[PDB]
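One chain follows as structure tokens, the form deposited in one PDB entry.
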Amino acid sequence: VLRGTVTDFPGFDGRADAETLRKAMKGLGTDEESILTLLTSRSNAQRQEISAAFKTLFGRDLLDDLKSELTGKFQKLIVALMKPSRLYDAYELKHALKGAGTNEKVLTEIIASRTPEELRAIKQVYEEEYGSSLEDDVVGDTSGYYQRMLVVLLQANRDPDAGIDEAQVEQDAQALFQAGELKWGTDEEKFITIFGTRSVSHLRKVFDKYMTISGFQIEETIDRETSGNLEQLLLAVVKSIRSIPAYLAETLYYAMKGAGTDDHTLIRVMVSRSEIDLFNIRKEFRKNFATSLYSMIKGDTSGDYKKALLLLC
């Protein structure tokens, strides 16, 4: 079931790759074609071995070098690829929080689409890395029921997929129905517990029972794919309970639709899911948007930044 687009390069030699990269950057200029094609055909653990090998051979730091040589969206994309996989979501989360304001989009996206296993690991790396708790930094930045629901999801304690209790499926479908009709503005406490704590197989049966009660799908009610942090989060959780590859396909779609490109979302999803389910996200994208992701990127992006995203894709 989950398939990535980037795997370990067979016949890898970290020293040989350290030398190619050194050659590509040494002296006047920069060979971006060579950097781009090597780093998108190596997996993230191999990139860490190349950095190690580059410091042993040359006494230089590879990422600081990539950063002085490269520029703009291509530099942002190569810097993201060099981030150890284990640290990347934690990094993104620290940067949505830190500073004035907060970037709610990244906050909703990663806490709603990551599994409990991913989240236990994220919370642990964040503390170790940044010295504060993710939970505390979230409570310091967010407010109201949006804050509460983030904290519920950050406990990473959803019920197990086990005994499906239809009395409880019926009860909960009813409550969501009643909450939906009231525009998710009334028994917040009641519904936040159902969305953050029930098992995924229970909630899929609930969403189906909601359908037969209302005549429609629950995202039609929460649908205002714009405005209000908790509703955006309710929509991201519902879509992710249904299919995380489908929900990330859609956030990709919407990063490129309209005037502009949200390149930050486009790098973040492309890089974070490259070795997990980016293949699944590709199939979902074509299936729901009747265009491949490749072609959507190709029309939306330019230069070596485009060359590198199309090789990851």
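Just count from 1 along the sequence shown to find any residue number.
Keep in mind that the form solved in complex with a small molecule is missing from the display, and what follows is about it.
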item	value
The small molecule: the contacting residue among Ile241, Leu134, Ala96, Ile222 in the bound PDB entry [heavy atom, 4.5 Å]	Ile241
Option touching the small molecule, based on a heavy atom within 4.5 Å in the bound PDB entry, out of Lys205, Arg158, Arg86, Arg148	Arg158
4.5 angstroms heavy atom contact with the small molecule in the bound PDB entry for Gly140	no
Heavy atom of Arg273 within 4.5 Å of the small molecule in the bound PDB entry	yes
is_contact(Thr71, the small molecule) in the bound PDB entry, heavy atom dist at most 4.5 Å	no
In the bound PDB entry, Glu118 touching the small molecule (heavy atom, 4.5 Å)	yes
Segment that reaches the small molecule in the bound PDB entry - one of 109-117, 208-216, 167-175, 96-104, heavy atoms within 4.5 Å	109-117
